[PDB]
């Protein structure tokens, strides 16, 4: 196979604070052009076959269907007088929402998204029940877009209502307790397309209030910031449903603004812009509403608390030099989330060395009452509200699909018991072993990393290791269950390894801030030192190492291949960011500037320019050295991270590095149709994806298959 001829527009010179930089494939930024679509068809025209010629691709796909064909369950959660839970019988495209009148009664289907699209590309995204639990609202995203459409249903007898709301994106959903309507966000009718294939930027998001039974055209706009195109304010009601807490965001940082409105002070209902009272009118800290008792509101904050803590604010006595610390910041443990339950019970879930821990405190004083026992892993689900008298929480780990626990908090002795549990026949945990080491980075900083391998393997660098990482946006990559990665471990004798490099939140905002802006390069160094570790201690070798990542992840893997291509022999970047110069001009990109910086700033341009994947591709100077096999994966409806990044990055690779004679390794790309950034991808498509990713690896590193 030969790489297709791509037209280079050498006249595309733009001036960044003096420096002149060329973008000969800037024409790839037009999704609807004939040239772009020819480029796309042409690339998939050489990748599809390639991927299909590997026989393992069928062995993998077959083992995937089987092993992934197990009952996936969500936590039961009570709304009103009925119970609810999502459930997938095994290989169903999208999870279904079942309902029951009693934890012991038979349960029926309440919402089956599977009947709205022959191929599972229409998916539920976001949902909100009325306070009474008698009305349901849900948004559905087509083809993977972020764009959503909210419909309404009457819980009793599952009735469809004529209500429909369009042009919704990154919106909240809050029902007033009077059950009259719902708060939501929508954008201004922009010229062009609005289905997820466009790249137009998103600004001027407003807060509107839909009154059930009316046309969207009659909705009440409740808040807008016309002087600030980027601010995005979500709303929600206090537990007593008297206050509306509006959280104003600008960028992806864990900081917001807290404005409130005493519903009981509105001259006569919600008739327009609200009389917002500006409590926290600055972006210096995160304020997360937990619950409130009267005017006393309790919020999870990080204000002078890198690891987060708890505070009480009386709205009558707002002055900061008065807030009362309920639960002080833990010197080393990070406070992930807090939930109020059974009125005065508080459930906090900490992150102790990238491991979740579940405790239970007293809202009144904050004293610790109980510790819920969990193995090493992650708590992935929870269900317990102020009015509930019971909790439900899901536990997952590298080797455990999941365990749902239950707990009746009305009992004197708080003893929790297994509610639901599920094992994946075909796999035997006792055969694998999880270890967590701490390796040092280029600067001394000890970085954590988990490693799953079979028991008994001899460290002689003879195994193919899959190294994963993300690094950024305060996201913490904790222990999860991936059948698709285990198969790799047992059917290709591979070594799984996940690194928690700086930029993430595993260690408060100081871990987040140590891998962003002027220190972004700290994650690439952090993630490189991980390959060097696995390789040094004989887990694997350079030619048999694979590094995956997507979104912020994919940028990481793409930059590490550009900086140290001699370290890995395979790279798989999914829907990643590649153009660090023009990234902020698309869809919601402007919100990422808080982690990367802005090419618009003479000072930010210098950090970016040095690592921007698309602008640092180079032919290795050493004779015996070449680029690792690379597979970029992206879809046409990814409006989160528009395809132009990968599209442009691939044209560049095949040209600069691809066309030389010493480069035997492949530089392929695969553009999926009817799929977006990742969320909501139907099962079928999911399976198909991993089969490629791993087939590619097998053909590239020449890996045999182990029955």
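Numbering follows the first chain given and starts at 1.
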Per the entry, higher mean C-alpha B factor between 569-577 and 319-327: 319-327
Which of 643-651 and 46-54 has higher mean CA B factor, as the PDB entry lists it: 46-54
Which of 139, 553, 105, 90 ranks first by CA B-factor in the deposited coordinates: 105
Of the residues 61, 37, 677, 661, the one carrying the largest Cα B-factor as recorded: 661
Entry-reported Cα temperature factor of residue 700, expressed as the chain third it lands in: highest
Within-chain third of residue 377 by Cα B-factor, per the entry: middle
Residue 170 - Cα temperature factor, lowest/middle/highest third of chain: highest
Third of the chain, ranked by Cα B-factor, where residue 41 sits: lowest
Entry-reported Cα temperature factor of residue 335, expressed as the chain third it lands in: highest
